[PDB]
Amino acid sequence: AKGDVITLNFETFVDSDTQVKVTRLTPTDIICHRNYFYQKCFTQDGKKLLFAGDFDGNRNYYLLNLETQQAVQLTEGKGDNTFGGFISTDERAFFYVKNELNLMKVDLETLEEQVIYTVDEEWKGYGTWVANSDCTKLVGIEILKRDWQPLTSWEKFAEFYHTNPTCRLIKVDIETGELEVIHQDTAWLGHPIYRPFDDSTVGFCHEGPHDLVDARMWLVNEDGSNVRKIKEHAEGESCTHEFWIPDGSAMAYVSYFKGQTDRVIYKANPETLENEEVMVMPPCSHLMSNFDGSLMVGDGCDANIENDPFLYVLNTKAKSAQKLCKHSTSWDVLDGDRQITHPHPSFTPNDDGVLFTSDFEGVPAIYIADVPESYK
């Protein structure tokens, strides 16, 4: 029940291949996972952590006190989207979506909840809400209910893309609760993201197969004008995994050229709109950077070869990737949920560690791998 407290045991072990220290935060007998890597889950001091677990028979949100090893239940009941959740800039509250209908704001102190927005009967919420740096406005996208189709299989994926569904990129005001359509279109839109310290810019993209798609690297101003593509897109080049670097210095992404058998990370200037290569990309699924983009972490995955179960800590400046420790996750889909099993590596607020999920000990749990100065 909302408000309850649970005392956890932190067990630290040494990785057999890198000697790097790794500590498990959650029990090995109950399902737990971290939120999406681009969403804030750590307080600046690095003492509080937001995460999800089934302690109360339901996938709910908890706030873990790293120095007390005690976690308090933030939300109760069923219907929580345990991935999109995030902590406010003032760290006095976190936001999450319940029943895919109501955007909630929760006081981390009183645990009081406030529904700040409720999707209209005409639309369907899609993607994850992303707050602006000041945490006064939220951006997101929605799909016209009539145009909505359940994406069951890949056959249904491409199918939906061609149905050219009408989607809109909206902006909601935390204070007023009023929505403002900043961009609409009869195309499948997605992944809306406010430019870190610049409410002016809002990056979004076109969903669908990376092949039969014009381009996904899109940008548009808050007012709704200057809709443009981040990169010109070279014939044969596919871009993905885009994400704003925390400080807002640039839009980092990964591109792959057919016939080059090599993936390379790229940084795009939000203002100059000029892209530039940064370094190679080891075989990884997700990619997240440091605050300034000087460090990056990656998810080793599957390509007589061999599946890569390692986490990578890339050094932007030195342009060098290095194996940190091992996550050894079974990318299995639990109860239709394909994301709980994803490591979703993210740096700790001061870069001394990397938080990630894994089910190698049997069930999905949360770990924090230390990150030595040599970036081992």
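We number the residues from 1 along the sequence you see.
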property	result
Residues of the deposited sequence left unbuilt between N304 and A303	10 or more
Mean C-alpha B-factor comparison - 244 to 252 and 148 to 156, higher one	148 to 156
Entry-level comparison of average CA B-factors, 264 to 272 and 229 to 237, reporting the higher stretch	229 to 237
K317, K323, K48, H33, ranked by C-alpha B-factor: the highest one	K317
Residue selected from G53, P345, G336, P309 by maximal Cα B factor	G336
Modelled-residue ranking by C-alpha temperature factor, third containing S358	middle
Ranked against its chain, the third holding the CA B-factor of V181	middle
Entry-reported Cα temperature factor of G298, expressed as the chain third it lands in	middle
Chain third (lowest, middle, highest) by recorded CA B-factor, residue given as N221	middle
Ranked C-alpha temperature factor of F257 among modelled chain residues, by third	highest
